[PDB]
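Read through the structure below, which is laid out as structure tokens, and then see the notes.
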Amino acid sequence: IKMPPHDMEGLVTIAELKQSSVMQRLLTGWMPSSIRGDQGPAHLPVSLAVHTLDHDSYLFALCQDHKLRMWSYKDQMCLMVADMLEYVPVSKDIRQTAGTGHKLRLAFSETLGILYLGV
Amino acid sequence: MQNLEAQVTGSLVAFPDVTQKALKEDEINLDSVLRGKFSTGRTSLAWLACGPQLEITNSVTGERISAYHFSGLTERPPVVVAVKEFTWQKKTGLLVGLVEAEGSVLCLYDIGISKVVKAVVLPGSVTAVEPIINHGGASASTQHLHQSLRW
């Protein structure tokens with residue numbers, strides 16, 4: 001949800017960031033939604049954080065499927081997907097259980113120009 | 001003098017369920033022998049190893065301090081054969097000898113970050129590892145070594 005500047009008259013704008021494959025974009029006209037794999041409840045963000053750089057806003061989403069996703073707000077695209085179970089000593093049982101207790105924090109160093117992510 | 005008997009002073013201090021599961025996952029490979037030893041250093045550590053799995057516990061509390069699963073160059077996982085405590089530059093870690101199907105690797109494992117920091121390919125299957133010295137240079141502390149090893 002985007003509100004206008006406080007000193008300017010403007011309308012609230014709404015954008016929905018979705019992971020659309022280029023194949024899902026090119027095939028958008030030829031196949032019904034039941035084959036398309038709707039993003040299941042497993043894609044749901046459990047923790048959200050944001051970082052603003054120049055003239056763009058980067059959104060970070062830690063999801064119930066144990067994946068971290070990065071989005072450009074300006075370009076409306078998923079720029080990165082990382083699997084957090086690549087970093088856990090996996091029991092076969094965890095891949096089947098939704099990750100409901102997960103948390104995400106961001107910190108930025110101006111001096112280094114470096115962004116850190118705590119998961 | 002005829003029967004000195006040990007007296008148990010506490011209950012069994014069980015390892016965390018995660019450490020017990022990690023050590024059992026590789027019993028499915030019929031050739032994986034579970035090993036464990038206390039560390040001889042001042043850091044009160046115990047280690048357990050089963051196939052590629054290494055578990056590091058507190059020698060008093062049984063709490064999991066650190067753990068690692070070693071990856072091999074081949075489709076067969078490496079086997080942890082030799083483990084020794086090694087302290088360097090105010091860090092605490094382990095020297096780990098891995099046996100693979102085509103050779104062996106000596107790893108330096110840093111406990112503080114739970115990662116391998118150095119690895120070296122060995123000519124043949126490693127059976128034991130032993131640290132001689134934890135620093136280099138022309139110090140008074142290295143004077144007992146051969147002039148070659150001081151470099």
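Here's how to read the names in the structure tokens: chain A, B, ... by the order shown, residue numbers from 1 in each chain, ligand numbers from 1 in the order shown.
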
Counting only C-alpha atoms, chain B residues within 10 Å of chain A, as number ranges by chain: B: 18, 21-22, 25, 67-69

Could the residues in this selection be saved with N, CA and C atoms as a tab-separated table (two decimals), in the first residue's frame?
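Listed below is the output, again-v3.tsv:
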```
chain	number	residue	atom	x	y	z
B	18	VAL	N	18.22	-33.90	18.91
B	18	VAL	CA	18.82	-33.56	17.62
B	18	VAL	C	20.17	-34.26	17.41
B	21	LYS	N	19.39	-38.07	16.96
B	21	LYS	CA	18.86	-38.29	15.61
B	21	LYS	C	19.95	-38.20	14.56
B	22	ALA	N	20.79	-37.16	14.62
B	22	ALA	CA	21.89	-36.97	13.67
B	22	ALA	C	22.88	-38.14	13.66
B	25	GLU	N	20.91	-41.30	11.95
B	25	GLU	CA	20.59	-41.20	10.51
B	25	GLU	C	21.57	-42.01	9.64
B	67	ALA	N	28.18	-28.73	15.66
B	67	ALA	CA	28.02	-29.91	14.83
B	67	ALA	C	28.26	-29.59	13.36
B	68	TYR	N	28.64	-30.61	12.60
B	68	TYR	CA	28.94	-30.49	11.18
B	68	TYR	C	28.73	-31.80	10.45
B	69	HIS	N	28.26	-31.71	9.20
B	69	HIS	CA	28.13	-32.84	8.30
B	69	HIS	C	29.09	-32.62	7.13
```

Residue contacts of region 96-98 of chain B (7 Å, only C-alpha atoms) excluding same-chain residues fewer than 5 positions away, as a PyMOL selection string: chain B and resi 78-84+104-108+126+129

Looking only at the backbone, which of the residues in region 9-95 of chain A does DSSP tag as alpha helix (DSSP H), as a JSON list (two decimals) with C-alpha atoms, in the first residue's frame?
```json
[["chain", "number", "residue", "atom", "x", "y", "z"],
["A", 22, "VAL", "CA", 8.41, -15.62, -17.54],
["A", 23, "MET", "CA", 6.77, -18.92, -18.71],
["A", 24, "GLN", "CA", 3.70, -18.15, -16.54],
["A", 25, "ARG", "CA", 3.76, -14.54, -18.19],
["A", 26, "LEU", "CA", 4.08, -15.83, -21.86]]
```

Non-local contacts of residue 109 (chain B) (8 Å; only C-alpha atoms; under 2 positions in same chain excluded) as a list in words: residues 93, 94, 95, 96, 107, 111, 114, 115, 116, 117 and 118 of chain B

Residue contacts of residue 64 (chain A) (9 Å, only C-alpha atoms) excluding same-chain residues fewer than 5 positions away, as a ChimeraX atom specification: /A:41-46,97-102

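Rounded to one decimal, CA of residue 48 (chain B) and CA of residue 5 (chain B) lie 27.5 Å from each other.
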
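Between residue 100 (chain B) and the candidates B:38, B:88, B:47, B:70, the tightest atom-to-atom separation, counting only C-alpha atoms, involves B:70.
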
Quick one: residues within 7 Å of residue 62 (chain A), only C-alpha atoms, excluding same-chain residues fewer than 2 positions away - as an mmCIF file with C-alpha atoms, in the first residue's frame?
```cif
data_model
loop_
_atom_site.group_PDB
_atom_site.id
_atom_site.type_symbol
_atom_site.label_atom_id
_atom_site.label_comp_id
_atom_site.auth_asym_id
_atom_site.auth_seq_id
_atom_site.Cartn_x
_atom_site.Cartn_y
_atom_site.Cartn_z
ATOM 1 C CA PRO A 45 5.549 -14.566 4.611
ATOM 2 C CA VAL A 46 6.043 -15.240 8.424
ATOM 3 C CA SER A 47 8.484 -12.305 8.782
ATOM 4 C CA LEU A 48 8.844 -9.114 6.508
ATOM 5 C CA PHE A 60 12.660 -9.289 2.161
ATOM 6 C CA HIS A 66 11.416 -22.025 4.912
ATOM 7 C CA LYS A 67 12.504 -19.754 1.842
ATOM 8 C CA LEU A 68 13.790 -16.131 1.968
ATOM 9 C CA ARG A 69 12.638 -13.993 -1.060
ATOM 10 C CA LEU A 104 13.771 -11.827 10.086
#
```

Counting only C-alpha atoms, what is within 6 Å of residue 137 (chain B), bar same-chain residues fewer than 2 positions away, as a compact mmCIF listing (two decimals) with N, CA and C atoms, in the first residue's frame?
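For reference, selection-v7.txt as written:
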```txt
# COMPACT_ATOMS: atom_id res chain seq x y z
N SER B 139 60.14 -17.50 17.23
CA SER B 139 59.92 -17.27 18.65
C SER B 139 60.82 -18.17 19.52
N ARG B 150 60.32 -24.44 12.01
CA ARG B 150 60.18 -23.07 12.54
C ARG B 150 59.69 -22.06 11.50
N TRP B 151 59.81 -22.40 10.21
CA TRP B 151 59.27 -21.60 9.11
C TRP B 151 57.80 -21.91 8.81
```

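Here CA of residue 85 (chain B) and CA of residue 39 (chain B) stand 6.3 Å from one another.
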
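Between CA of residue 131 (chain B) and CA of residue 44 (chain B) the interatomic distance comes to 17.9 Å.
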
Test item: residues at most 9 Å from residue 124 (chain B), only C-alpha atoms, excluding those fewer than 6 positions along its chain, as a ChimeraX atom specification: /B:99,102-104

From the DSSP assignment of the backbone, select every residue of region 42-94 of chain B that is strand (DSSP E), and format the answer as a PDB file with N, CA and C atoms, in the first residue's frame.
```
ATOM      1  N   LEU B  45      35.506 -30.410  26.308  1.00  0.00           N
ATOM      2  CA  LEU B  45      34.727 -30.871  25.152  1.00  0.00           C
ATOM      3  C   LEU B  45      34.715 -32.401  25.049  1.00  0.00           C
ATOM      4  N   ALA B  46      33.623 -32.952  24.530  1.00  0.00           N
ATOM      5  CA  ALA B  46      33.540 -34.308  24.003  1.00  0.00           C
ATOM      6  C   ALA B  46      33.081 -34.242  22.543  1.00  0.00           C
ATOM      7  N   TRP B  47      33.515 -35.187  21.719  1.00  0.00           N
ATOM      8  CA  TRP B  47      33.060 -35.286  20.335  1.00  0.00           C
ATOM      9  C   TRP B  47      32.549 -36.692  20.046  1.00  0.00           C
ATOM     10  N   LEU B  48      31.528 -36.772  19.198  1.00  0.00           N
ATOM     11  CA  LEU B  48      30.975 -38.001  18.646  1.00  0.00           C
ATOM     12  C   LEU B  48      30.968 -37.895  17.124  1.00  0.00           C
ATOM     13  N   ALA B  49      31.276 -38.987  16.441  1.00  0.00           N
ATOM     14  CA  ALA B  49      31.274 -39.032  14.989  1.00  0.00           C
ATOM     15  C   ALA B  49      30.679 -40.343  14.468  1.00  0.00           C
ATOM     16  N   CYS B  50      29.807 -40.254  13.465  1.00  0.00           N
ATOM     17  CA  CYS B  50      29.188 -41.392  12.787  1.00  0.00           C
ATOM     18  C   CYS B  50      29.182 -41.099  11.285  1.00  0.00           C
ATOM     19  N   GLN B  53      29.013 -37.385   9.899  1.00  0.00           N
ATOM     20  CA  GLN B  53      28.471 -36.538  10.957  1.00  0.00           C
ATOM     21  C   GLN B  53      29.477 -36.368  12.100  1.00  0.00           C
ATOM     22  N   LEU B  54      29.691 -35.126  12.540  1.00  0.00           N
ATOM     23  CA  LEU B  54      30.458 -34.756  13.729  1.00  0.00           C
ATOM     24  C   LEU B  54      29.586 -33.934  14.682  1.00  0.00           C
ATOM     25  N   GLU B  55      29.514 -34.369  15.931  1.00  0.00           N
ATOM     26  CA  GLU B  55      28.788 -33.731  17.026  1.00  0.00           C
ATOM     27  C   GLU B  55      29.766 -33.384  18.147  1.00  0.00           C
ATOM     28  N   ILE B  56      29.727 -32.151  18.642  1.00  0.00           N
ATOM     29  CA  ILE B  56      30.590 -31.670  19.724  1.00  0.00           C
ATOM     30  C   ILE B  56      29.698 -31.282  20.890  1.00  0.00           C
ATOM     31  N   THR B  57      29.929 -31.898  22.041  1.00  0.00           N
ATOM     32  CA  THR B  57      29.148 -31.698  23.259  1.00  0.00           C
ATOM     33  C   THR B  57      30.020 -31.202  24.405  1.00  0.00           C
ATOM     34  N   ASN B  58      29.392 -30.568  25.390  1.00  0.00           N
ATOM     35  CA  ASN B  58      30.041 -30.227  26.644  1.00  0.00           C
ATOM     36  C   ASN B  58      30.306 -31.513  27.445  1.00  0.00           C
ATOM     37  N   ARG B  64      24.853 -29.820  23.273  1.00  0.00           N
ATOM     38  CA  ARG B  64      25.449 -29.684  21.940  1.00  0.00           C
ATOM     39  C   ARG B  64      26.045 -28.284  21.791  1.00  0.00           C
ATOM     40  N   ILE B  65      27.364 -28.210  21.643  1.00  0.00           N
ATOM     41  CA  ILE B  65      28.110 -26.961  21.429  1.00  0.00           C
ATOM     42  C   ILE B  65      28.175 -26.638  19.938  1.00  0.00           C
ATOM     43  N   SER B  66      28.438 -27.649  19.114  1.00  0.00           N
ATOM     44  CA  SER B  66      28.686 -27.473  17.688  1.00  0.00           C
ATOM     45  C   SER B  66      28.464 -28.795  16.955  1.00  0.00           C
ATOM     46  N   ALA B  67      28.179 -28.734  15.661  1.00  0.00           N
ATOM     47  CA  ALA B  67      28.020 -29.914  14.830  1.00  0.00           C
ATOM     48  C   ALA B  67      28.261 -29.595  13.359  1.00  0.00           C
ATOM     49  N   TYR B  68      28.644 -30.615  12.600  1.00  0.00           N
ATOM     50  CA  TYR B  68      28.943 -30.487  11.183  1.00  0.00           C
ATOM     51  C   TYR B  68      28.727 -31.804  10.446  1.00  0.00           C
ATOM     52  N   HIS B  69      28.263 -31.712   9.204  1.00  0.00           N
ATOM     53  CA  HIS B  69      28.134 -32.843   8.295  1.00  0.00           C
ATOM     54  C   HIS B  69      29.090 -32.623   7.127  1.00  0.00           C
ATOM     55  N   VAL B  79      34.169 -40.370   5.740  1.00  0.00           N
ATOM     56  CA  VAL B  79      34.106 -40.899   7.106  1.00  0.00           C
ATOM     57  C   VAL B  79      35.073 -40.130   7.996  1.00  0.00           C
ATOM     58  N   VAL B  80      34.579 -39.610   9.118  1.00  0.00           N
ATOM     59  CA  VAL B  80      35.402 -38.975  10.152  1.00  0.00           C
ATOM     60  C   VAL B  80      36.188 -40.056  10.900  1.00  0.00           C
ATOM     61  N   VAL B  81      37.498 -40.128  10.657  1.00  0.00           N
ATOM     62  CA  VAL B  81      38.358 -41.180  11.226  1.00  0.00           C
ATOM     63  C   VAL B  81      39.156 -40.693  12.428  1.00  0.00           C
ATOM     64  N   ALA B  82      39.679 -39.468  12.371  1.00  0.00           N
ATOM     65  CA  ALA B  82      40.535 -38.908  13.411  1.00  0.00           C
ATOM     66  C   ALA B  82      40.085 -37.494  13.787  1.00  0.00           C
ATOM     67  N   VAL B  83      40.049 -37.189  15.084  1.00  0.00           N
ATOM     68  CA  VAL B  83      39.666 -35.872  15.607  1.00  0.00           C
ATOM     69  C   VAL B  83      40.603 -35.500  16.756  1.00  0.00           C
ATOM     70  N   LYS B  84      41.190 -34.301  16.708  1.00  0.00           N
ATOM     71  CA  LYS B  84      42.035 -33.749  17.779  1.00  0.00           C
ATOM     72  C   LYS B  84      41.737 -32.284  18.020  1.00  0.00           C
ATOM     73  N   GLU B  85      41.661 -31.872  19.279  1.00  0.00           N
ATOM     74  CA  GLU B  85      41.542 -30.452  19.608  1.00  0.00           C
ATOM     75  C   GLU B  85      42.796 -29.680  19.216  1.00  0.00           C
ATOM     76  N   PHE B  86      42.565 -28.493  18.670  1.00  0.00           N
ATOM     77  CA  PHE B  86      43.596 -27.579  18.239  1.00  0.00           C
ATOM     78  C   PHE B  86      43.161 -26.148  18.545  1.00  0.00           C
ATOM     79  N   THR B  87      43.961 -25.436  19.331  1.00  0.00           N
ATOM     80  CA  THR B  87      43.711 -24.035  19.687  1.00  0.00           C
ATOM     81  C   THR B  87      44.754 -23.157  19.020  1.00  0.00           C
ATOM     82  N   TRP B  88      44.351 -22.148  18.250  1.00  0.00           N
ATOM     83  CA  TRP B  88      45.271 -21.254  17.534  1.00  0.00           C
ATOM     84  C   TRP B  88      44.747 -19.822  17.552  1.00  0.00           C
ATOM     85  N   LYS B  91      41.435 -18.816  19.038  1.00  0.00           N
ATOM     86  CA  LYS B  91      40.335 -19.661  18.571  1.00  0.00           C
ATOM     87  C   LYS B  91      40.505 -21.086  19.082  1.00  0.00           C
ATOM     88  N   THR B  92      39.382 -21.776  19.214  1.00  0.00           N
ATOM     89  CA  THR B  92      39.317 -23.189  19.590  1.00  0.00           C
ATOM     90  C   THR B  92      38.668 -23.953  18.451  1.00  0.00           C
ATOM     91  N   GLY B  93      39.295 -25.041  18.032  1.00  0.00           N
ATOM     92  CA  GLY B  93      38.776 -25.881  16.970  1.00  0.00           C
ATOM     93  C   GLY B  93      39.281 -27.310  17.053  1.00  0.00           C
ATOM     94  N   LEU B  94      39.024 -28.069  15.994  1.00  0.00           N
ATOM     95  CA  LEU B  94      39.408 -29.466  15.847  1.00  0.00           C
ATOM     96  C   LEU B  94      40.170 -29.665  14.532  1.00  0.00           C
TER      97      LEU B  94
END
```

From A:94, A:112, A:88, A:17, residue lying nearest residue 74 (chain A) [only C-alpha atoms]: A:17
